[PDB]
Structures are given as structure tokens and as C-alpha cells.
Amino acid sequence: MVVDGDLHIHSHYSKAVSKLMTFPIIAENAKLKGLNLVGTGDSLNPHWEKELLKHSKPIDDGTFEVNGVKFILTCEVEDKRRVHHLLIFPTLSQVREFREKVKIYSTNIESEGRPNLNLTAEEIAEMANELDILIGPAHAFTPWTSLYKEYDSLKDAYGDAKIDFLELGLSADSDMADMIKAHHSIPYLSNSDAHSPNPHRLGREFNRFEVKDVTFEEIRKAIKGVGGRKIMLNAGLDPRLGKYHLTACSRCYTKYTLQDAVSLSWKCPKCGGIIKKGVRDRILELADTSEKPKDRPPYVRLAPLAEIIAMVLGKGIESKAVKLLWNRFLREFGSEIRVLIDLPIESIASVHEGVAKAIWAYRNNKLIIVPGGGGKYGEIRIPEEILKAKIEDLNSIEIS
């Protein structure tokens, strides 16, 4: 059994999160996206737990169903140093035991979706280890509220406590994270951190699990790669297009190497602007290996379907032309993820040849990329040889 899962989102109780992030609306857009499993998010908030039990039917003590969509208990907390950690709970009693354990170190457990805990990373992880709650750093390489912004290693942050996974985040893929050897024994999660239920936010990154059933316990087995269960692949954004991938000036966006920026005292000599340290160079600072684990699942670089369509059509993402073609793909094929990953290119071409070539370029890493940096997103382009080629000859075309 193959299931696609997104284990980090936020509810309407979180700051700067859309009010449309309710359980019914999240469930409907998950069906459009192709997510069979979604993390609840904000599970430490008692009002969000109320809405879950009101809107869901029990599968087991840790799995819930809302309109044909399975949910497991997840939450994100912020520690002393503003570092974010992702928690996955086996049962609701573990949610409550953890809630009472950290309540004296927080003042916003009942008023906010992401509680602020006056605790170190090790103290949070040891409480999670004590209650069999899966823990790992959220979006570990993001330039804010993340592990590697405040620490130079997992050990410095968690000490003697154990973590069960690492979340890559929107600014990193698996090959980037595998340049630090301490990560080679830690499974990777790719989650969207969705602040709105729309299919170009919900499921922007997701995991494909091979399980026997969609239960928390089966997902725990898949994360730990035991008993035939495993993560088949991680899917998410191309990190080279990220706002802060390369070290670059924040005004003119000229790219600089790391050692040039430090010798320049972080001042751009072209326009006098402030150079911002890039995520790729942050990992290069810490890189201590050239290998990656043999069993590491592949990382699939994707963009949401309506975003690919808006590029191919050269029109806005909310335009009528993009919505109609996106509706047509979802009508012919049940979900967006099926079109993005599973459909043959020839079948995608039956609806739109240009969208088919674009998706083929994504799957085969044939797109031409101008990397992002300094606050400006990267650029994408389909090479000329692909646009002129027949669909059947795409694998035979020599590129560049």
C-alpha cells in the first residue's frame, strides 16, 4: 500500500495562518492534492483537539479520519532559542501528558497554535523520548527558527537526548542534508509547513510511505525503515530556487562565494548592499563527508501543478485559463500528485503537450535553473530542445 503524507501543517489557531485551515477544508484540498495522510498540526492546543474529535471518526487510538482523509497527531513547538521542533504523537493521552508536562514552561498553550516553551532543545527531546513521542528538528536548514541557524550540530542542540527524524524544509533537499555525516543515521521528512489549505501550499512537500495500513504505528515503522515499511521517496521544492540558496547581496542579488563575502565584510562592492549568507554555503561550512547512505530515499523536485500550468500557459496562477486546465487534469486523473509523479508523460500529453514536457523536465532534472539568493527566488526555464521535440523522443534528446 502506497500513501502520500504531509506531517507538518498549522491550524487557524496559529499566528499568520489562514482561517481556512479547518479540518473539513484541509481534508477537501488533501483529496485534490492526493494526500491520503495529513498531520493534524497544533495538537497541543486544546481547542484544536476539540475540533478534531468533533469532525473525525476513530480509526485507532492515534489515527483519525475526516471525510475519507486520515490524520495523525502532530505539533510544532518553539524552544528557548526560537528553534522549531516537530512532534508526532502516538495517542491523545501522549498529547495530554506532554501538554501537562510543558504547561508550566509556557503561557500560550491554549491561546496559540505553536506553543512557546521556555525549554532547551535537549529538555524538549528528553520529555518526548520519555513519552514515546517522535521528535525531530523542523525545517532544519531554513534561515530562521531552525536548528542550524542557532547550532553547528545536532549534538550541541539535543545533547544526550535522541531524535527520530529530521525535517528538510523548503530550503534543502536530501543531498544537501547528507553532506553532514551525523545525518546519515537519521531518516528525512519533507513536509509543507502549510499556512493555507490551497493545493499549492498544502502538500508543497510530502512523503511517500509504503505501509500495510494508514495508522500511526505503520507510519512509525516507515519512518524507522523496519518490517518492510519505509519512506519510498521524499518530494518537495527545488532548493536551488529558494530565496536564500546562494550567498548574495540583498539589493542587487549578485551572487558571491562564502569566503568572498566574509572578506568583503558582508558589503557588496557592486551597489554597497548587505550580502546575505546563503543556505547552501551554510551547509558547506558544516560539510564533512562526500558519501550518502545507500538506502536514502530519493528526493523528487516538484512544483504544484497549477504553478507548472501557469508557467506553461504564461498566465497568472489565479487566472481563468489556469484554473480550467487544472480542473481538467483533476477531472481526468484523480489527484495532482498522480499527475506530478505517477502518470506517464504520454498520458499527461493527452490533456496538454506543454504541461507534459514541463513535468518530464522536472522528473529528469532537465530544467535550466538560475539559482536564488539574497531574498530573490530563482528562475526556471525549459530548454529549447525539449519544446521542439516530440513526446516520444524526449529520452533521446541530447541537452545543452
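Numbering starts at 1 and runs along the sequence shown.
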**Complete:** Stretch with higher mean Cα temperature factor, 324-332 vs 135-143, is 324-332
**Given 186-194 and 75-83, the range whose Cα B-factors average higher in the PDB entry** = 75-83
**Prompt:** Looking at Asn67, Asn36, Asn364, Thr40, which has the biggest Cα B factor in the entry?
**Reply:** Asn67
**Request:** Sort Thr107, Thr247, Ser153, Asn207 by C-alpha B-factor from the entry and give me just the highest.
**Result:** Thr107
**Request:** Using the B-factors in the PDB entry, rank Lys221's C-alpha atom against the chain and give the third, lowest, middle or highest.
**Result:** lowest
**Message:** What third of the chain does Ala389 rank in for C-alpha temperature factor, lowest, middle or highest?
**Reply:** highest
**Position of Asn234 among the chain's modelled residues by C-alpha B-factor, lowest, middle or highest third** = lowest
**Item:** Chain third (lowest, middle, highest) by recorded CA B-factor, residue given as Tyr299
**Value:** lowest
**Message:** Quick check on the deposited entry: does the C-alpha B-factor of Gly228 sit in the lowest, middle or highest third of its chain?
**Reply:** middle
